[PDB]
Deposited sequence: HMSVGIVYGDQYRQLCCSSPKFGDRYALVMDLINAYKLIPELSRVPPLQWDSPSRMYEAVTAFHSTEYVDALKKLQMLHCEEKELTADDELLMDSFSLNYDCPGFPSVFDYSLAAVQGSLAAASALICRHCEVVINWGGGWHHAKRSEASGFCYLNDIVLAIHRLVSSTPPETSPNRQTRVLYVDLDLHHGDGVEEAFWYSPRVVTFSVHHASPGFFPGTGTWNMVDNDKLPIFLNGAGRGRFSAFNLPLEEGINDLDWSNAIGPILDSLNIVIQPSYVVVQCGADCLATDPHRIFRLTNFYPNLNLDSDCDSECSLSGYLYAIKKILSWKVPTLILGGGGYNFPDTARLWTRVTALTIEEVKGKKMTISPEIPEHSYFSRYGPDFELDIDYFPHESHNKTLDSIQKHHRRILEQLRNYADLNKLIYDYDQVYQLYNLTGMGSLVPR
């Protein structure tokens, strides 16, 4: 069963932020317009029996002082002293992450959605669950960052990993380094994090690059993987870059769950304009390539949104991801019309009104990164007494003539 997080209130809340406007509505209604919704099991967002149980859920990662401040920030904007200002600043509730009347509700909602998704996986109601309202990988224990206020991903992972030798693989496909999730599990071997991203001087947030690579500490050493890529990269190269690494991670780690953040700001048409990925499906979408690969493992999977600042193109991508998940899991062909279907956001898909993003692909190796990452994987396996099947990893990279990159 493929689940998808949705609700009337959930939709209203996910659409109440100044930065992301009605993006979530575009996504879900495009998915709706393509008649995908009947194929999916609706996963209702989690609700609690009291403020204290809510508080307990959220402070499983975030500090009590941080959650209180975020509460007050909401309350304040719903009606600031010199000390109110300093309190909010001490949590970076400013600049990139300012208050607005529904800031706490907005932020809580993504947590409700992703915790519910996690719960649906744990009780085996869904093989895969999608939450396009979640995926806020930058929030820290006591700090808002990059439009992220509560880290729904950390909390969903914490629920999975503490369910019941249970390991979680986190795969971050967003343009940006998933610093908040990596940091939360820096000392934990059982959550292996892997972020592919752009990194360069001055580029947000600054981590996931050379320092050598830091890769976890204590019992968490070797458990935080990173692949920084240069700008301009297309679907095929991005696919080749991360494909073998994902399979090798799956072979060695043998995750009980996978969590995938699928931020769409790698699209060629994103306002960032750094990567040149597409949503094309025949020249194949780097995104769809990765998602299909992850789904072929038959490991219970949570698929989350994230970045993506071209709202219609983000909808175009995530609708195809959704159709693909249905195909890969239900074994059911999802034929998607090249023309955007009639619905109330139809006008936002102009001037072409077509499903493919309006981009024309056209045209540096990272083999040392592969070699480095495989050695880290070797070290992770040794530290945690896992089997490092050199045979299967070799044979994998050998499919491209790069078996030599694999350490014994």
property	result
Deposited-sequence ranges lacking C-alpha coordinates, in sequence order	1-2, 82-84, 170-177, 225-232, 304-315, 397-402
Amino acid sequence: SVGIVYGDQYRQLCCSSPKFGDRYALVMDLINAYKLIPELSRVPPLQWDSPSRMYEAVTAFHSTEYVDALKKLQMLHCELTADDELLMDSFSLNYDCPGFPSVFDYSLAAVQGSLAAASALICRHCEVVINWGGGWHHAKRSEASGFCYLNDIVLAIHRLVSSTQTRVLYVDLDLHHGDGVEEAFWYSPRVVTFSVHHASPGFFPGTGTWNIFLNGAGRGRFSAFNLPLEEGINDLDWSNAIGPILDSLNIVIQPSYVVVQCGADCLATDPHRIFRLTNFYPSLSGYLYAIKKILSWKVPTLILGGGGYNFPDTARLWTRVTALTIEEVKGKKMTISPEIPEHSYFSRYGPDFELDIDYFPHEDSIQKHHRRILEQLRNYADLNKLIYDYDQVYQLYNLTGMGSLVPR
From here on, numbers count along this sequence of modelled residues.
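Take the two forms, superpose them, and find the largest set of C-alpha atoms that agree within 1.5 Å; that set is the rigid core.
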| property | result |
| --- | --- |
| Comparing 80-88 and 102-110 where Cα RMS over structures and residues is taken in 8 other deposited structures of this protein (core fit), larger one | 80-88 |
| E363 left out of the model in a third or more of other PDB entries | yes |
| Check: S283 without coordinates in a third or more of other entries | yes |
| Per the entry, higher mean C-alpha B factor between 213-221 and 270-278 | 213-221 |
| Selected stretch [higher average CA B-factor]: 304-312 or 68-76 | 68-76 |
| Member of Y170, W132, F204, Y95 with the greatest C-alpha B factor (per the PDB record) | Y95 |
| Highest recorded Cα temperature factor - choice among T319, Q112, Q261, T166 | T166 |
| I357 by Cα B-factor - lowest, middle or highest third of the modelled chain | lowest |
| B-factor third for the C-alpha atom of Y24 within its chain | lowest |
| Assigned third (lowest, middle, highest) for the C-alpha B factor of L87 | highest |
| Chain thirds of CA B-factor: placement of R371 | highest |
| Relative C-alpha B-factor of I253, binned into the chain's lowest, middle or highest third | highest |
